[PDB]
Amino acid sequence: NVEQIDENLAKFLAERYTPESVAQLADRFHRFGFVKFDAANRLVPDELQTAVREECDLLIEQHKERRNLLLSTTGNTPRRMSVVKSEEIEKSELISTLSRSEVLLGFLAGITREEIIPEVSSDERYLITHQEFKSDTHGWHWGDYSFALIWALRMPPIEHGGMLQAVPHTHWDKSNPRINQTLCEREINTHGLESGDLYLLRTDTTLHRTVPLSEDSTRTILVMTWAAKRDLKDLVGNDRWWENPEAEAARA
């Protein structure tokens, strides 16, 4: 009921978090560019995530688009997955209002320590990626915007791959990504996830990817992309492979 969702989520977060504990999560987010909301520290009520997982699962069964390309602006890292564009996820009233919820964005703003602005490009507001076959992966890349709340809806067993790897405190130079060079100079943090987890990712300064699936499994995530004040900046690269599969940077 939108207003009832926010009123409940407010109580839900007030039952689990305090200003001191959020400040500890803010420290972790700035150190790793990543904070995980697992069974210990939940972010949304289990009934709410179920509702989100069902609305996403329906969008996959109808709108799934296979992608298998290389993105030149990220050192030609692979993008082997199925996607659901943002223009089609925006039809879901639940996912659309929740991604602009004053309660959710305000709570997470305590972790980012800066205003979270739900005003990003229409083709990037929401993204659903669905990896099914072996070698499927979201290759090393950066995000155009500052923040993204990722819903780890369905994750394979950790022995099948699919983990999130991350290198924080970097930046995206599209004219020269230096992806493999950065790995040589920095330690990689591997973040395993379990079905039901959510995590906040600082997408613009954290080089990240998903470990390829070593065997046929199912990896479904929902991405809510948000902006910071620094992102409100012209979009460059012509590398929007999730919307346009034959972008000027998408080589196959």
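Throughout, we count residues from 1 along the sequence that is shown.
Unresolved deposited residues in the interval that joins residue 14 and residue 15: Unresolved stretch here: none.
Can you let me know which of the two, 176-184 or 86-94, has the higher average C-alpha B-factor in the entry? Taking the mean C-alpha B-factor of 176-184 and of 86-94, the larger value falls to 86-94.
Selected stretch [higher average CA B-factor]: 46-54 or 200-208: Result: 46-54.
Just the C-alpha B-factor column, please: which of 228, 9, 25, 236 has the biggest number? Result of the comparison over 228, 9, 25, 236: 236.
Just to confirm, going by the entry's C-alpha B-factors, which of 35, 70, 193, 222 comes out highest? The listed residue with the largest C-alpha B-factor is 70.
Test of reading the entry: by CA B factor among the chain's modelled residues, which third contains residue 107? It falls in the bottom third of the chain.
Within-chain third of residue 170 by Cα B-factor, per the entry: Answer is lowest: the recorded C-alpha B-factor places it there.
Where the record places residue 126 (Cα B-factor, split into thirds across the chain): Residue 126: CA B-factor falls in the middle third of its chain.
Should residue 79 be placed in the lowest, middle or highest third of its chain by the C-alpha B factor in the entry? Highest third of the chain for residue 79's C-alpha B-factor.
Pull the Cα B-factor of residue 100 out of the PDB entry and bin it into the chain's lowest, middle or highest third. Its C-alpha B-factor belongs to the middle third of this chain's values.
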